[PDB]
Structures are given as structure tokens and as C-alpha cells.
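Please read the structure below before turning to the comments.
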Amino acid sequence: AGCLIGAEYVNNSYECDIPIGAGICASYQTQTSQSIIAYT
Amino acid sequence: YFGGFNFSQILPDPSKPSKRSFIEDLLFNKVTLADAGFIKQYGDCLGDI
Ligand SMILES: *[C@@H]1O[C@H](CO)[C@@H](O[C@@H]2O[C@H](CO)[C@@H](O)[C@H](O)[C@H]2NC(C)=O)[C@H](O)[C@H]1NC(C)=O
């Protein structure tokens, strides 16, 4: 759907929080420390 | 072996990378679809055919 700037891609999979498109969602979760992540 | 019933043409096969069944491939081939999403991606119209 275009390329995403500001959120990193993780290999984990959760439920869809913020839908982006083409099976990719975004969420605001912990990392350690808080940042926006992107996932399938 | 589901009691003699085949179920080979509706269950998915591992050979195809899309993991779609035999009937589903025929259903997808019978519909000629345009504008499936973002295919042009702001660069293909610069390649003026
Ligand atoms: C169940 O369906 C499969 C198809 O997925 C049948 O396999 C076909 O058998 C015929 C024999 O006339 C071959 O010509 C085809 O090439 C086969 N297709 C394949 C292997 O994809 C199978 O015969 C059916 N029946 C059973 C009992 O399995």
C-alpha cells in the first residue's frame, strides 16, 4: 500500500489494531521503550 | 480417506505458492480483474508505452 516511515517491522503476529492494508497492521506496544510497530 | 469421498479439488494443495484449491484457481482465472490495489506505484506511467 506504499511504504511506511516511522514504524519498524517485527516478525511477531498479533490481532489487527490499526489497519494499514494488504495484511499489514500497526500498533503501539512495548519494546523494552514505547514505539509504533508494524506487523502481519 | 473420508469414507470414500474424494475432497481433492476443494482442499488446498502444497504445490501452488498461493495455497488455493483446484476449483479456486478456475474461479480466479474466470474473472479478469483490473485495479487490484496499488500496482502502478507512481512509477509505471513514467515508462510511457
Ligand atoms: C480424486 O481427485 C483426484 C484429482 O485431484 C483424482 O486424480 C486424478 O486421476 C485421474 C485418473 O483418471 C488422472 O488422470 C488425473 O491426472 C488425477 N489428478 C491428479 C493426480 O491431480 C483421483 O482419481 C480422484 N479419486 C480418488 C479416489 O483419489
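Each residue's number is its place along the chain shown, starting with 1.
Header lists the method as electron microscopy, 3.2 Å.
Just so you know, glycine gets a Cβ as well, placed from its N, Cα and C.
Taken from Swiss-Prot, the feature N-linked glycosylation site covers A:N11, and the record attributes it to experimental evidence. Under the heading disulfide bond, Swiss-Prot lists A:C16-A:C25, citing experimental evidence as support. Per Swiss-Prot, O-linked glycosylation site is recorded for A:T30.
For A:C25 (disulfide bond), the same-chain residues that are 6 or more apart in sequence and have a Cβ closer than 8 Å to its Cβ are A:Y14, A:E15, A:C16, A:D17, A:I18, A:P19, A:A38, A:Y39, A:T40.
Its Cβ placed at the centre, A:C16 (disulfide bond) has 14 other Cβ atoms within 10 Å. Around A:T30 (O-linked glycosylation site), a 10 Å sphere centred on its CB holds 8 further CB atoms from the protein chains shown. In this structure, the CA atom of A:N11 (N-linked glycosylation site) is 15 Å away from the CA atom of A:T30 (O-linked glycosylation site).
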